[PDB]
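Structure 1 and structure 2 below are the same protein chain in two forms, each given by itself as structure tokens.
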Structure 1
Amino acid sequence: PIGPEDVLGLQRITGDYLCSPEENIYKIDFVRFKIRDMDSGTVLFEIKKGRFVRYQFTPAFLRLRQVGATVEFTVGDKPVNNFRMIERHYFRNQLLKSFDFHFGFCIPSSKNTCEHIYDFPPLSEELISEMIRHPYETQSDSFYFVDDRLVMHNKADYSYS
């Protein structure tokens, strides 16, 4: 019975997936991800589509100042109460970025989007070259809760070469 409390203080990537696919009883499905630079307007990455992703990015991503990150997801036949997403990015025991969003109610058979528009954290030159030099050591956990209970867990690692 994993909850938000268990996840919010973590200082590193999970050791392994924290639930099975069958625990996704609400059939929530992430169908699109988009990253844009808010400054120039340029879409740096978009994918339109099984719980692991490897991202092939460039150093330019680490020098951004204003970023829009969109997720798009569908929901099955059941209504979803108190849907919550917690996404955390790490490099080697350091928390780079955290996103905690309470969606609340999700309509049955819906297709929904959320774009997080945020100030990209000013990573030091030491950290930047360190993450460029070590691909896929930058990783993220995406935790999805329904009424404080973990129902879905996705993972990604990142390269900035």
Structure 2
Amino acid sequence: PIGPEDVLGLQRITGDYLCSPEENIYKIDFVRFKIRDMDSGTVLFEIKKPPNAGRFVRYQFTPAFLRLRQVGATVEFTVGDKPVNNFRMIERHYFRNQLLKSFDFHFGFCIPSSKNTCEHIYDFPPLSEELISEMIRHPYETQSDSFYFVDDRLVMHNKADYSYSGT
């Protein structure tokens, strides 16, 4: 039902998850996530996996984050026995229902029944100063949808919100 063309034009965060966890028929499970700033080598965030059912994440960042040029994302995941072809993530970010950027990453070849490592390069959009001020000023109103497709079918959907106020 849901293909990449259904999400590629969205101008708002979705009101609900567009797929159920049962539709993840390929048993894809993300187990590690690490963010590196390509201009300082600084690790900006790193986690390792031990209602929303774990499909929502809250992120606490700093104001400097909104001026980064390029960020390297290291992602580790396991895969079931079904071979996976045309694995694709489409991740859209919004502040106050205004599209900031949409990232389209095609995964490399996925080895079934095994752990895989992939690297995504995030080229940040140049954000206007007024938009920078408002995202710092109103935490958690920057939101994202991450859509995962295998052979042009929605199989995973995650959500997140973001703070750029530090802690």
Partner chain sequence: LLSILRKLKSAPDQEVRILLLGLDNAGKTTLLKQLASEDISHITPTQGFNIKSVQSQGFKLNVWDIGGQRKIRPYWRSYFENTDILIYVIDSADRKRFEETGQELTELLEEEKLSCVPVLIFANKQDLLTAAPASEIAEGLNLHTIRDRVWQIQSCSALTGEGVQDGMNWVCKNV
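We call the rigid core whatever largest set of C-alpha positions still superposes within 1.5 Å between the two forms. Counting starts at 1 with the first residue of structure 1 and goes up one by one along its sequence.
S.K.: Pick one: which is the form solved without the partner chain?
M.R.: Only structure 2 matches the form solved without the partner chain.
S.K.: Looking between structures 1 and 2 after fitting on the rigid core, I'd like to know which of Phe61, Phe103, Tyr26, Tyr55 has a C-alpha displacement of 2 Å or more.
M.R.: The answer here is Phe103.
S.K.: For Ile117, decide whether the Cα shift between structures 1 and 2 is 2 Å or greater, given a superposition on the rigid core.
M.R.: Yes, the C-alpha position differs by at least 2 Å between structures 1 and 2.
S.K.: Any chance you could measure the C-alpha shift of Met131 between structures 1 and 2 with the core superposed, in Å?
M.R.: For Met131, the alpha-carbon shift amounts to 0.6 Å.
S.K.: So with the rigid core superposed, the C-alpha of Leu44 shifts by how many Å between structures 1 and 2?
M.R.: That residue's C-alpha sits 1.2 Å away in the other form.
S.K.: How much does the C-alpha of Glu72 move between structures 1 and 2, in Å, when the core is lined up?
M.R.: Its C-alpha position differs by 2.0 Å.
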